[PDB]
Each structure stands twice: as structure tokens, then as C-alpha cells.
Amino acid sequence: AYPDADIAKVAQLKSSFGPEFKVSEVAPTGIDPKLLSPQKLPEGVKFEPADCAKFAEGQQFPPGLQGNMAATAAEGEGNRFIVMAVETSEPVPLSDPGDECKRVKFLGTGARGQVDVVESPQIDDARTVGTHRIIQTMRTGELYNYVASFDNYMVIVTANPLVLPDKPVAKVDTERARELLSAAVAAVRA
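Below, the structure is looked at part by part. (Residues numbered from 1 in each chain as written, not as in the entry; some residues may be left out. Heavy atoms only, no water. Residues with missing side-chain atoms left out of burial classes, pairs and counts.)

Observations regarding the overall build of the chain
As a reminder of what qualifies: Segments assigned H or I by DSSP are reported as helices when at least four residues long, segments assigned E as strands when at least two residues long, and all are numbered from the N terminus.
Scanning the chain for helices and strands turns up three helices and nine strands. When its C-alpha atoms are laid out on the principal axes, the chain stretches across 50 × 40 × 30 Å.

And the structure:
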């Protein structure tokens, strides 16, 4: 379907960031599901709605998947953006909450937080899902995740405030994150 698709083409998105950004890259290499999924929630935390517990974990990559990943990341204007492109031997099941689970809260001794579905862009022949994770750990850590799924490809944009010692926090540029997702999918596909 996507004959010339190549996760290595995420390198193209370097040119999507101005001189105020520091850009880095991860060359194509075997997948590491731990680097791809949101960080694991602590044990014993309780969920609300309780039936929405799975969606709190965000996009998962099953431990059996084979595949490769490449990434482009940028830090600047008080944000970090990571654009990851993944190709697997079969499609990754997409995490896609219904309205019942568009907000999940959780609470435990080590942690408390919230995972909301947020607007994500329409991308031709792809499914897209956006979330906003706000996590307090023993304190607040925040990020936006945008996922695009097509065939055996998955593209993930993660955007978070830079939290630097003794500096104020900036708001996340979610507009830029969403445009990075569209641009990355178009770059990877052709």
C-alpha cells in the first residue's frame, strides 16, 4: 500500500525546527517497547472509571512484536518534541478510548494523575488518537501523545514541557505537535 514507506524518513523533520531548537536523531534500530509506551503506572493505584484502567496505560507495544524504530527529537521554546516512527511485522493494536473512557483518573500512594483524550489530526488512511497525561509522582509531570496508525506503521509524537532546575514551566505547543504528526506520516509514507 505504501511502497516507498521508510521510517528512516523521520530524519526529514529535522528541518521542521528553527535554530532555537536543539535537534537529535535515533537512526533505525530494533524496537524497544519500553521506550515507545508511556512510563508504567505504579502498582496499587486505583482507577476512575475503574473499567477504564487499560486506557490509563496509553499506547502499548506487546512484548512479542518484531520491528524497527527511528526518531527525531527537538528541545527548545520550553518544549521537547519526540517524533518516533515504527514499522512492525504486524500492526500494533491501537489504543482508542470511547467516550466512556475519554477521561481516566488514578490515585495511589506514590502517584496520582489523569489521562484525557484530546483532539488529534485527520490523516488520510490512518487512525489517529491524541492524549494528555498529567501525572503527579512522589511533583507534576505532563505530556501530550499523538499516535498515527496505518498498515504496519505507527508514528508517535510526544510533546512535554521542559522541566529545568529553577526555571518556569512553559505551556506545551500542541498545535506544533499535531502538525509534526501529519508531517511525519507524510514523510514516512513517501
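Focus: the pattern of salt bridges
Stated formally: Should a side-chain nitrogen of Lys or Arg be within 4 Å of a carboxyl oxygen of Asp or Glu, the pair is scored as a salt bridge. A 1.4 Å probe rolled over the protein chains alone gives each residue an accessible area, and that area as a share of the maximum for its type sets the label: buried under 20%, exposed over 50%, partly exposed in between.
Across all of its chains, the model carries five salt bridges by this definition. Among the ionic pairs, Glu 25 bridges to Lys 14, the shortest N-O distance being 3.0 Å. Of the two residues, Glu 25 sits in strand 1 (residues 22-30) while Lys 14 sits in the segment before strand 1, which places them 11 residues apart along the sequence. The exposure class assigned to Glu 25 is partly exposed, which follows from its relative accessible area of 44%. Looking at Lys 14, the relative accessible area reads 32%, which means it is partly exposed.

Examining the layout of surface pockets
The condition is simple: Points on a 1 Å grid over protein atoms alone make up a cavity when a 1.4 Å probe fits among them but cannot get out, and a pocket when they form an open set with protein on both sides within 12 Å along at least five of seven lines; lining residues each have an atom within 4 Å of a point. Grid points are joined across faces, edges and corners, and a volume is the space filled by probe spheres set on the points. Under the scheme applied here, ten amino acids are nonpolar (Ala, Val, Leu, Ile, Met, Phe, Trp, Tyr, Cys and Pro), four are charged (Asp, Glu, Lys and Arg), and all others, including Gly, are polar.
Looking at the second largest pocket, its volume works out to about 310 Å³. Every residue lining the second largest pocket is counted, 15 residues in all, and those nearest its centre are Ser 37, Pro 38, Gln 39, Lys 40 and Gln 60. Across the lining of the second largest pocket, the residue classes break down as seven nonpolar, three polar and five charged.

A few points about the side chain of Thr 72
Stated precisely, the cut-off is as follows: Here a polar contact is taken to be a pair of N or O atoms separated by no more than 3.5 Å, where protein atoms must pair a possible hydrogen donor with a possible acceptor and residues adjacent in sequence count only if both atoms sit in side chains. Any pair of residues with heavy atoms lying within 4.5 Å of one another is described as a contacting pair.
Relative to the elements of secondary structure, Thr 72 occurs in strand 3 (residues 67-76). A polar contact of 2.8 Å, which involves the side chain of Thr 72, links it to the backbone oxygen of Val 10. Setting aside anything within four residues of it in sequence, one finds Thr 72 in contact with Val 10, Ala 11, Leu 13, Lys 14, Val 23, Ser 24, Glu 25, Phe 81, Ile 82 and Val 83.

Thoughts on a negative patch on the surface
Where we set the bar: The residues that make up patches have over 30% relative accessible area and no salt bridge, and they are joined within 9 Å when like-charged or within 5 Å when they are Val, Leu, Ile, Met, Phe, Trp or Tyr. For the accessible areas, the method is Shrake-Rupley and the probe is 1.4 Å, while residue cover comes only from the protein chains on display. Charge assignment: positive for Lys and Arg, negative for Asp and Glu; neither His nor the chain ends contribute. By convention, the point assigned to a charge is CZ for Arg, NZ for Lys, CD for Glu and CG for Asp.
The grouping of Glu 20, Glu 77, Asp 173, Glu 175 and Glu 179 at the surface amounts to a negative patch. Of note, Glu 179 is situated in helix 3 (residues 174-189). Taking relative accessible area as the criterion, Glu 179 reaches 48% and is therefore assigned partly exposed.

Things to note about the sheet that holds strand 4 (residues 79-88)
Within a sheet, adjacent strands bond to each other through the backbone by hydrogen bonds, running parallel or antiparallel. The criterion, for reference: Here a strand pair is declared whenever DSSP counts at least two bridges between the two strands. For helices, the axis comes from a line fit to the C-alpha atoms of the stretch in contact; other axes are also lines fit to C-alpha atoms, and the angle between any two N-to-C directions lies between 0 and 180 degrees.
The strand order 1-3-4-9-8-7-6-5-2 describes an open sheet built from nine strands, whose pairing is antiparallel. Only two strands of the sheet have a single neighbouring strand rather than two, namely strand 1 and strand 2 (46-48). Each neighbouring strand pair of the sheet contributes to a mean axis angle of 15°, computed without reference to strand direction. Relative to strand 9 (residues 153-161), strand 8 (residues 140-150) runs antiparallel, the two being bridged by seven bridges. Across the sheet, the residue bridging to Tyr 146 is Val 157, located in strand 9. Along the sheet, helix 3 makes contact with strand 4, strand 7 (127-137), strand 8 and strand 9, crossing strand 8 at roughly 30°.

Regarding the nonpolar core
Put simply, the rule is: In this description, a nonpolar core means a group of buried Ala, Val, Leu, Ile, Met, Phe, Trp, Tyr and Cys residues linked to one another through side-chain atoms lying within 4.5 Å.
Among the nonpolar cores identified, the biggest contains 29 residues, and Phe 81, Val 83, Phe 150, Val 155, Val 157, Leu 180 and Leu 181 are the most heavily contacted of them. Looking at this core, the elements with two or more residues in it are strand 3, strand 4, strand 8, strand 9 and helix 3. Not counting residues up to four positions away in its chain, the partners in contact with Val 157 are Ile 82, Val 83, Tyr 144, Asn 145, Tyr 146, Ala 177, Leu 180 and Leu 181.

Thoughts on the state of the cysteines
Worth spelling out the cut-off: Two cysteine sulfur atoms make up a disulfide if the distance between them is within 2.5 Å.
What the rule picks out here adds up to one disulfide. At a sulfur-sulfur separation of 2.0 Å, the disulfide partner of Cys 52 is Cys 101. With the S-S bond torsion at -85°, the cross-link from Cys 52 to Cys 101 turns out left-handed. Here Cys 101 lies in the loop between strand 4 and strand 5 (103-107) and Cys 52 lies in the loop between strand 2 and helix 2 (53-56), a separation of 49 residues in the sequence. The class for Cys 52 is buried, based on a relative accessible area of 0%.

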